[PDB]
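Chain by chain, the residues:
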Amino acid sequence: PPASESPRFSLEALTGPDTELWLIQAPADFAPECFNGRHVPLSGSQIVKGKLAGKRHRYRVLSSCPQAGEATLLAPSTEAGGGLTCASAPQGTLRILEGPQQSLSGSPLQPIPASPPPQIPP
Amino acid sequence: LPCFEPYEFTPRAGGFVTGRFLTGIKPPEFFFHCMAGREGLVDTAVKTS
Amino acid sequence: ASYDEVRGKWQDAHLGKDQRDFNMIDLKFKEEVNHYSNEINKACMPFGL
Amino acid sequence: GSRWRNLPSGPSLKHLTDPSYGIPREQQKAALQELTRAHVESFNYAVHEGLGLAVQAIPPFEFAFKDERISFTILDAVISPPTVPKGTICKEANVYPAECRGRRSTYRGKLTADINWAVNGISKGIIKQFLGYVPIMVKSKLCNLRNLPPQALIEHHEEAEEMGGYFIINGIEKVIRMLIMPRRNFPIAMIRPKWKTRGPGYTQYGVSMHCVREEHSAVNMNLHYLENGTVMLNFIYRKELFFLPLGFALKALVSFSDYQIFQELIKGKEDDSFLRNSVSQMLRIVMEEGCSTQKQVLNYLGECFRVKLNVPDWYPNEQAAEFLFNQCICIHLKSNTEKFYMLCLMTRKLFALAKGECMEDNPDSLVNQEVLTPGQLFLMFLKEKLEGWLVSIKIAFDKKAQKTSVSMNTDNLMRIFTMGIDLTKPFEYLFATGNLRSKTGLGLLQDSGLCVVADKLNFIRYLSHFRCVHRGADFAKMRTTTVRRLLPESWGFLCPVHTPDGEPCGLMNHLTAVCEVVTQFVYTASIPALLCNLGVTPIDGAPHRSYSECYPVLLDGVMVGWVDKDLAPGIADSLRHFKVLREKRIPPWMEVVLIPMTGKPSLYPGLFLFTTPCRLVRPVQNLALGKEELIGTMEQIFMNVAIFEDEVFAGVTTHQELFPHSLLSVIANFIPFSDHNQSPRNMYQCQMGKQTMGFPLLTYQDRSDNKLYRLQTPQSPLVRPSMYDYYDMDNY
Amino acid sequence: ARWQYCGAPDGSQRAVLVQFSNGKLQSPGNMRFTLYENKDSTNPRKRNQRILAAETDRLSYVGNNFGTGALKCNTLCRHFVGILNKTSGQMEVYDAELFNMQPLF
Amino acid sequence: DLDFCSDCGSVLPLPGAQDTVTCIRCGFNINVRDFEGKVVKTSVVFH
Amino acid sequence: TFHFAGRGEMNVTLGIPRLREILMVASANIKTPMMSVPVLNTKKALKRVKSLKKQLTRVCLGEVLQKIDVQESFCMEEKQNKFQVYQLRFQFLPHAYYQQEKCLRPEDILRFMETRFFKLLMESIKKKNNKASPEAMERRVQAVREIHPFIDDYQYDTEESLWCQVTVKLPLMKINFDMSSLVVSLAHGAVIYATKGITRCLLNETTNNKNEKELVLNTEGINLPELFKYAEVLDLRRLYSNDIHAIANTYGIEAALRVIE
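Residues numbered from 1 in each chain as written, not as in the entry; some residues may be left out. Chains lettered and ligands numbered in written order. Part of a larger assembly, values for the part shown. Heavy atoms only, no water.

By the method listed in its record, cryo-EM, this PDB entry was determined to a resolution of 4.09 Å.

Looking now at the sheet that holds strand β4 (residues 85-92) of chain G. All names here are of chain G. Taking strand neighbours across the sheet as the criterion, the 4 strands line up as β3-β4-β6-β5 in an open arrangement whose pairing is antiparallel. Two strands lie at the open edges of the sheet, namely β3 (65-71) and β5 (153-155), each paired on one side alone. Adjacent strand axes in the sheet meet at a mean angle of 15°, parallel and antiparallel pairs treated alike. Here helix α4 (residues 108-132) sits on the sheet and contacts β4, β5 and β6 (163-169); the angle it forms with β5, its principal contact strand, is near 165°. (Pairing = 2+ DSSP bridges. Helix = DSSP H or I, 4+ residues; strand = E, 2+ residues; numbered from the N terminus. Axes fitted to C-alpha atoms, helices over the stretch in contact; angles between N-to-C directions. Contact = heavy atoms within 4.5 Å.)

Residues and elements named next belong to chain D. Their axes nearest at 12 Å, the elements helix α11 (residues 374-402) and helix α13 (residues 424-432) cross at an angle of 150°. The handedness of the crossing between α11 and α13 is right-handed. Contacts between α11 and α13 involve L377, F378, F381, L382 and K385 from the first element and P426, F427 and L430 from the second. Split by residue class, the contact of α11 with α13 holds 7 nonpolar, no polar and 1 charged. (Left-handed = near helix turned anticlockwise from the far one by under 90°. Nonpolar A, V, L, I, M, F, W, Y, C, P; charged D, E, K, R; others polar.)

This part takes up the interface of chain A and chain E. Counting residues at the interface gives 43 residues for chain A, matched by 40 residues for chain E. Interface of chain A and chain E: buried area, both sides summed, is about 3,700 Å²; carbon and sulfur atoms make up 62% of it. By the criterion of area lost to chain E, the three top residues of chain A are A:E5, A:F9 and A:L74, representing 16% of everything that side buries. The interface formed by chain A and chain E contains 1 salt bridge. Taken together, the links from chain A to chain E amount to 18 residue pairs in polar contact. (Buried area = accessible area lost by both parts, 1.4 Å probe. Salt bridge = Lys/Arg side-chain N within 4 Å of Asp/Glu carboxyl O. Polar contact = N/O pair within 3.5 Å; in protein donor to acceptor, adjacent residues only side chain to side chain.)

Okay, the packing of aromatic side chains next. All told, the structure shown has 43 aromatic pairs over all chains when counted by the stated rule. Centre to centre, the rings of D:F695 and D:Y700 are 6.4 Å apart; their planes meet at 80°, and the pair counts as edge-to-face. Since its relative accessible area comes to 25%, D:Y700 is described here as partly exposed. Put simply, the rings of A:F30, A:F35, A:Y59, E:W3, E:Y5 and E:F80 touch in pairs and so form one group of aromatic residues. Residue placement shows D:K110 over the ring face of D:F130; its charged tip is 5.1 Å from the ring centre. The side chain of D:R183 reaches across the aromatic face of D:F610, ending 5.1 Å from its centre. (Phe/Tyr/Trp six-rings, centres within 6.5 Å; stacked < 30°, edge-to-face > 60°. Buried < 20%, exposed > 50% of the residue type's maximum accessible area, 1.4 Å probe, protein only. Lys NZ or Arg CZ within 6 Å of the ring centre and 35° of its normal.)

Much of the literature gives interface size as the accessible area that the parts lose upon coming together. Each side of the interface is counted separately: chain E has 16 residues, and chain D has 19 residues. Buried surface at the junction of chain E and chain D, summed over both partners, amounts to about 1,700 Å²; 60% is from carbon and sulfur atoms. The three residues of chain E that bury the most area against chain D are E:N22, E:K72 and E:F105, which together make up 38% of that side's buried surface. Summed over the shared surface of chain E and chain D, the result is 0 salt bridges. Linking chain E to chain D there are 5 residue pairs in polar contact.

This brings us to a nonpolar patch on the surface. A contiguous nonpolar patch, built from B:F16, C:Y36 and C:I40 and spanning about 300 Å² of accessible area, is present on the exposed surface. Structurally, C:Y36 can be placed in the loop between α2 (20-33) and α3 (37-43). For C:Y36, a relative accessible area of 46% puts it in the partly exposed group. (Patch = residues over 30% accessible without salt bridge, like charges linked within 9 Å, V, L, I, M, F, W, Y side chains within 5 Å. Areas by Shrake-Rupley, 256 points an atom, 1.4 Å probe, with all protein chains shown as cover.)

All names here are of chain D. A rise of 1.5 Å per residue sets the reference length of helix α16 (residues 568-580), with its 13 residues, at 18 Å; its end C-alpha atoms lie 19 Å apart and thus fit the reference within 8%. Residues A568, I571, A572, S574, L575, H577, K579 and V580 constitute the buried set of α16. Buried residues along α16 sit against α15 (527-532), β15 (551-554), β16 (559-563), β17 (591-595) and β20 (628-632). With its phi angle positive at about 60°, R582 sits one or two positions after the end of α16. (Expected span 1.5 Å × (residues − 1).)

Below, the structure is given as structure tokens:
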């Protein structure tokens, strides 16, 4: 049964041309509160250093306009008696990934000794 | 063979063995040589029968 | 040409997906290199044994 | 890699003359012992856990008469170490193999089963049945010599340095040989003319796949490709090949209304106008017969097949259809939706082949060929043979209402359980001859010469005999040289100078000295989450750049999503790191092969992972991290391997072979100055040396073997190759 | 982009999204949706079960967050919604729920 | 160019007739005179 | 131990099977009857011999066709919603390329194309349904439609003679087949023009360190009676076949021997 969410979800709220809809993806455990008061790129990818209860976590994020309208937002409708209807195409998508920490290419190379010339006669 | 970059230009990638039987053939060319020996003995036996 | 000339590289590459052109380059390369053998085993034996 | 950290630097003779020559050591030799890790390791895993998951798939079976639903099933079955029938008073009720050789008798085991006598639903009884015996590979976890030190050996008068791995049938010692079969759970392309003639409108093209389950029985797939525009499935069950269009399968699998099917089987080649038409045509020519919904198509298939499948005429027409479906199609997956996505990826490859975008992967290389261990053969023969015992007990119960005696309902279990359907004979047969008298080819194509008697005339005979792949006896009369010429890739996983010249030349290869078959299974538990919490997008999610350019990511029989152009190499390198450091449940046995997109006819693009058993693999060193690393057959083709130190170029190469001696096998590594010699002589000698006559063995009172050639006064040879010591050959 | 987290306005309903595996529909301004909340609010395996079954005239679509018939991301990748106001330049961040749909006959 | 989704359930059977096109599952019929799907075909393949 | 000899000159059955067919079979049966043919070493010989070569070649249809292009759907606007139509085009290889080799002209061969292709396509439609059971060009094409009403149109566009476009219409009752590839399965099957039996005749140099430089050409196939029409630019006295039977009936048995040997 559709209930009463924030008036920032009603489809009458999102039709604002001055408001943007953005879908974001983060792995199973990404805790959001670190980003609070932080910035996220609007195009391109920038490593961020999040602080989740003091621990320093780093994540590389993706910011680009989506493939054409991959899916729709369902928004509470005032006329439809709570029946949910589709929104517009979101203005962008965000992929969030922790950039690998402390990874170089591999190394400088490693040598081995050379055996060949053996004991020559006594 | 899993030692050379793909599409080199040394003739070594062919069959151009350079060493001899008094100084030793390098490791790679030892393989090609065996390939050739096997092919030869097979053709001999079959044409005999 | 460079030593891995991206042009020649790609050419040899695409034709690697064929038989006859590859055989053409095969034979050409063979009878190109096979005039260092006659300058190895002739400036050698039987003149320095 | 750490195993080879101690090779001798030039042999010596300090060890022929020490006060310690003669007194048995405590830890028997390491290398020599592990020289047969594979055999006993597999058979080990067979009986202690293999028929664990291999008795929980026999179907509940007994249905005799009187509207009864008795469904009696196995709860568990086990085997116990080989003891003696109760002697007058046997001092120790154990039998050691040395006894079994003398008396020309077998080395057996004890078979036990737990049948629950569910009287039309669980009511009564769990009766234990003494089925029969089974032979035991010496020094597995089932022979009395398990975990003994050398003195406890010699006191039992068994030779000090035992390696085991054989069976004992009437004194003989038979060994199961490793055969070769194609890759495990892989869509390998193929072309062949012989296919053309089976029916109407067959092209030559097609794909293939070999599917095997945990309870290791196998199944073989095939999807042809019609010229008309449709795609078929051509599998075989219980020795008869069967026919089924794709529409029936892609409807009967998942309800999942079809426009799903179309929009998914069409990945991003939207430009095409014949592909999609062929698609729609299939979807129609499956719709207008008798069926609209899922249960309907199931109804139809069952009604067609239950005449041949031979299920009980009790069951509905859809139940038998479903029973059939998950017994001969994509077994290894144990679900439906993944069965779907597997079929999908198969057909997508088949199309992009027939149209000619890729290159026909060779089905004859070593990049697409792996090995059968004796544990597999043993376990699967056993699991097939259990069914026969059930059905035989059925006829044993039917003889009651046949002789019009008292067809009893219970309390007759004990009597009706002794029919004469024992397992002794069928197992003694398989080894006594090597023949495979059976009802299922189990994926194999032949049935004879399976285990051949290991001689004892020397020590080189043994030491080879246990290291010898062969490619099936059927490929001998063939005249094509392509089944003999060493493909340039087998470097390191086969020996180039060790083939046994003669009649079975070229094929009866032997392994290298630095490869170890893989036989430890892992818990495939948390790897998909590990993939997806990086760039990898979920399987059917909204992939941010999802069209013509993106890589599938199969996982040893599981679709997991898609990756895009930037990431694939980054992901492969990250998994390189997380294997070599051995960090998070990522086994070292793992292969990470990504095949880039050539824009030209070439290998099918992708990115593939595996963990399955029965694969060849050999160590190398890495130049990124000091540690050593394992390389699978498939992923050599895209690596730079520098043999000598003088070659190592900065930035282009990545590996370094451990020592140059790798290429050869071990026997062919006992020859001195062997790169100077000419090749056919190397080969002639590797054949000769096994023929000779030296010091066979110590205990000349244990064995009543028929022919023992002995040489009175052998001598250590003065000019020696290093690996003569590392295997302590001098004792022989 | 100023990053502000609000949580869930009610705590049991995120931003509900619908992705059909079969492409992009044409006039979804005509559809009505059916959200299902499992009434066993105690058992964390059932307390959270949601069934996003979508009645459409052509296709009886249904979305879920469970089984082989859902996306693992809903179980391995969280989803949020970004509400960016072009005037004062603020992004409003909630929790968002993706669901994958399948049409039943 | 599959006859895609608004009301039916399945693949809409081919025009292949005289009258307008129904569905099999729900029976929602549409004008036989709508489709103009124009197909392109093979090419250079002969050298 | 494989030969290093052989120009690329149609080497014929090696090994024992040749022996078997000579002693153990003795049948006509021949795989490639490569006949021998010298040119009586006259002076002019050239303006005649090369034209001879050309005219004794054999070109079929599958050699000269380079592209096929189909556009097949949509037939509802042609006065009514009726039998499904097929837009169709052919691209050959430019006239300069083959023209030097095969002694051919792209226009009269196009005439043969329109002449035979259409009875051919009617055969193909026939068998499919069984198995399923310029004002001058104006009169040409309208007669095409006459003797074949199914054939709606034809347009040999006059300038290029390197590309032809037709347009057809047949009923939509029968289900479509490999039409886009049935053009291909009927391409190869056709042969434009060929003498009876003989296909392949080539031209190379004689040998001097062997004998007296009697220039030779290299034919293939046995129809002796035909060779005589060319009577003055060859040496019909030193002429032996690879067959042992084509000359048998034309010359004798004492004929056969020297060639057997």
